[PDB]
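>>> As they sit in the full assembly, here are the leading chains:
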Amino acid sequence: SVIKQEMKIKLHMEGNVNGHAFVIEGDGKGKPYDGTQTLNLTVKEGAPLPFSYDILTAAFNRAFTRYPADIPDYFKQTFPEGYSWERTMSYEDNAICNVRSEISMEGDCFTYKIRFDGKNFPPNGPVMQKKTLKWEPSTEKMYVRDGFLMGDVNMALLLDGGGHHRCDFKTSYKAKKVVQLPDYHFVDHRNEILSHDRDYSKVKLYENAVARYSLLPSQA
């Protein structure tokens, strides 16, 4: 127990999407070993945000993932020292976001330092017209590369007028300390905005994440 049953979170995000600068801070709590967490996010500059808040939410810590015992837990092993991750979000209309987060801990509180850059979103697309409703749930594919951990996930925004808008995430997760490396595996996610105000200047955000091998057995 360096990672406790219950851990708090603090976070600072600096961002810019299609020219628009903003700053968001968050406070929250979760249960690393259950893989659940809840954050309260507050826009401190750049309100009201002229884009879909959904592009931001996965930026706001795989320490909150239920890991089974037969899969080494890359993320919980790197604490107290921590880790950082970097991600590219590639949208099917050629927008991209590049994100970096640096994760630390002190006592029972994680702290994140986040940079968020989005660009080339079409001005009449679903992101810039706030036409998204949520992220679908997902299955991220986890795999070791050059001594560290990668995660790739096919994501999808549910639009009103129930089509989808696809986005591919690739993330490199880098432990500060060397750790027992896991075999290829999956992390199932469901990310959800539970409540927001009109502007999305205040958001309550929840994630459930559960790591696993395939449900399907191997044939002899």
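Thanks, I have the structure now. Numbering: from 1, shown residues only, chains lettered A, B, ... in the order given.

>>> C-alpha only now, for contacts and for neighbours.
Will do.

>>> so what's the residue most central in space within chain A up against?
Residue closest to the mean C-alpha point of chain A, counted by C-alpha atoms, centre = their mean, is residue A:58 at 2.7 Å. Residue A:58 is in contact with residue A:191, counting by C-alpha atoms under 8 Å, 6 or more residues apart in numbering.

>>> Can you tell me how far it is from residue A:209?
Noted for residue A:58: a distance of 12 Å to residue A:209, by C-alpha to C-alpha, to the nearest Å.

>>> what's the answer for residue A:186, then?
10 Å.

>>> With neighbour numbers in mind, choose between those two.
residue A:209 (25 against 20; other C-alpha atoms under 10 Å).

>>> and the more buried one, that one's in a strand?
Yes. Counting by DSSP: H, G, I helix; E, B strand; the rest coil, residue A:209 is part of a strand.

>>> Test my guess that it contacts residue A:67.
No. Look at residue A:209 against residue A:67 with C-alpha atoms under 8 Å: they stay out of range, at 9.0 Å.

>>> returning to that earlier point: for residue A:130, see how far away the residue nearest to the centre of chain A is.
Separation of residue A:58 from residue A:130 (C-alpha to C-alpha): 17 Å.

>>> just checking, residue A:143 touches residue A:185?
Yes. Using C-alpha under 8 Å, residue A:143 is in contact with residue A:185, at 6.9 Å.

>>> show me the contacts for residue A:44.
Residues in contact with residue A:44 (C-alpha under 8 Å, 6+ apart) are A:22, A:23, A:24, A:25.

>>> Can I get the residues you listed in a markdown table including distance to residue A:114?
Formatted as a markdown table, the contacts of residue A:44 follow (distance: C-alpha to C-alpha, whole Å):
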| residue | distance to residue A:114 |
| --- | --- |
| A:22 | 12 |
| A:23 | 10 |
| A:24 | 9 |
| A:25 | 10 |
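
>>> what's the burial count for the nearest residue to residue A:143 once chain neighbours are set aside?
Spatially, and ignoring its direct neighbours in sequence, residue A:143 is nearest to residue A:184 (4.8 Å; C-alpha to C-alpha, 6 or more residues apart in numbering). When counting by other C-alpha under 10 Å, one arrives at 16 neighbours for residue A:184.

>>> and what of the one 3 residues further on?
Here the neighbour count serves as a burial measure; for residue A:187 (other C-alpha under 10 Å) it reads 22.

>>> Please apply the same query to residue A:220.
Applying other C-alpha under 10 Å, we find 3 residues neighbouring residue A:220.

>>> again with residue A:152
By the criterion of other C-alpha under 10 Å, residue A:152 has 19 neighbours.

>>> List the neighbouring strands of the helix or strand in which it is found plus their orientation.
Using DSSP states H and E, residue A:152 maps to strand A:148-159. Strand A:148-159 has these partner strands in its sheet, going by DSSP bridges: strand A:132-135 (antiparallel), strand A:138-145 (antiparallel), strand A:164-175 (antiparallel).

>>> Now tabulate the ones you listed in a markdown table and tack on mean neighbour count and distance to residue A:217.
A markdown table is the format used below for the strands paired with strand A:148-159 (neighbours: other C-alpha atoms under 10 Å; distance: least, C-alpha to C-alpha, whole Å):
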| stretch | mean neighbour count | distance to residue A:217 |
| --- | --- | --- |
| strand A:132-135 | 21 | 29 |
| strand A:138-145 | 18 | 17 |
| strand A:164-175 | 19 | 27 |
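
>>> now the sequence for chain B, which goes on the structure above:
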Amino acid sequence: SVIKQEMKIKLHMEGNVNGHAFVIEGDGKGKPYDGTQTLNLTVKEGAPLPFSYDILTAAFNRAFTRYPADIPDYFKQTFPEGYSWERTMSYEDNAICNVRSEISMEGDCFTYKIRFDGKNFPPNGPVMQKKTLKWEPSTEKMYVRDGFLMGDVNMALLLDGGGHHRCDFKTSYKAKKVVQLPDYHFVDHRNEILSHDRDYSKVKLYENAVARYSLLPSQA
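Putting chain B onto the chains we already have gives this:
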């Protein structure tokens, strides 16, 4: 009924990979409602194949998917008229495969006509050096686009060595008749070569495939 509890398969693939021409035929059988199947495949022209057989396996029919009653089964509903699909396989060293399959039915037998083109495999890469061991199991994400069904999946080739070579599959599945369209969902896979002669001129190939929604409940 139409799709029986047991359906036989016959197929014919015409292929080219890095300039090398080949033809493969196969016979076998499966259980469309269990999502299981076995194929016995034979290289008719182009032996010995100079590249990894693994790049071909996913080309060798989502009617072999166990669908739960609460998710419309797009693939079983298109029979007996059939369907076709078109796929890009995009490898991380920028090799690329483009694949087409036309799927038909006679009585208790599916027949496929497959066109496989692969190119830009680097000559010391693991595909042309036959350093691949298998695909990992995967989770394909299914969503409707303009009245048909797309499936995207992050795939990975386990390497003789211990690392992985990533490949992204994008597939359009086009039913030949109007059919009840499913909501966003997931198909889990595990494709496996069970046995092969030494040149892979004979190969016994197995797939297990089960459709579902997220394992994780929503939060209200």
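
>>> once more on the neighbour count of residue A:152, this time with chain B?
Residues within reach of residue A:152, counting by other C-alpha atoms under 10 Å in any protein chain shown, total 22.

>>> roughly how far apart are it and residue A:140?
5 Å.

>>> Is the nearest residue to residue A:100 once chain neighbours are set aside bridged to anything, and to what?
Leaving aside its sequence neighbours, residue A:100 sits nearest to residue A:86 (C-alpha to C-alpha, 6 or more residues apart in numbering or on different chains; 4.3 Å). Counting by DSSP bridges, residue A:86 is bridged to residue A:100, residue A:172.

>>> Residue A:114 now?
Residues in beta-bridge contact with residue A:114 (DSSP bridges): residue A:13, residue A:101.

>>> quick one: the strand holding residue A:152 to chain centroid distance?
Centroid displacement of strand A:148-159 relative to its chain, using C-alpha atoms, centre = their mean, to the nearest Å, is 9 Å.

>>> Can you give me the neighbour number for residue A:129?
Here the number of neighbours of residue A:129 (other C-alpha under 10 Å) works out to 13.

>>> cool, and residue A:12?
By other C-alpha under 10 Å, 19 other residues sit near residue A:12.

>>> now swap in residue A:8 and tell me
A count of neighbours around residue A:8, defined by other C-alpha under 10 Å, yields 20.

>>> Wait, it touches residue A:107, no?
No. Taking C-alpha under 8 Å as the definition, residue A:8 is not a contact partner of residue A:107, at 9.4 Å.

>>> So residue A:204: helix, strand or coil?
Reduced to three states by three-state DSSP, residue A:204 is strand.

>>> Now for it: which residues touch it?
For residue A:204, the contacting residues are A:38, A:39, A:40, A:41, A:193, A:194, A:195, A:196, by C-alpha atoms under 8 Å, 6 or more residues apart in numbering or on different chains.

>>> same question, residue A:12
Counting by C-alpha under 8 Å, 6+ apart, residue A:12 touches A:23, A:24, A:25, A:26, A:112, A:113, A:114.

>>> what helix or strand does the residue lying closest to the second one once chain neighbours are set aside sit in?
Using C-alpha to C-alpha, 6+ apart and skipping residues adjacent in sequence, the residue nearest residue A:24 is residue A:43, 4.4 Å away. Taking DSSP H and E as the definition, one finds residue A:43 inside strand A:36-45.

>>> What is the burial count for the residue nearest to residue A:24?
Residue neighbour count, defined by other C-alpha under 10 Å, stands at 19 for residue A:43.

>>> Tell me the spacing between it and residue A:88.
For residue A:43, the distance to residue A:88 - C-alpha to C-alpha - is 23 Å.

>>> One more: residue A:166?
Counting by C-alpha to C-alpha - residue A:166 and residue A:88 are separated by 14 Å.

>>> Correct me if wrong: residue A:16 contacts residue A:120.
No. Look at residue A:16 against residue A:120 with C-alpha under 8 Å: they stay out of range, at 11.6 Å.

>>> Mind listing what's buried along stretch A:76-94?
Within stretch A:76-94, the residues that qualify as buried are A:76-80, A:82-91, counting by 16 or more other C-alpha atoms under 10 Å in any protein chain shown.

>>> so of those residues, which ones are in strands?
Residues of the buried residues of stretch A:76-94 located in strands (DSSP state E): A:83, A:84, A:85, A:86, A:87, A:88, A:89, A:90, A:91.

>>> Cool, thanks, talk later.
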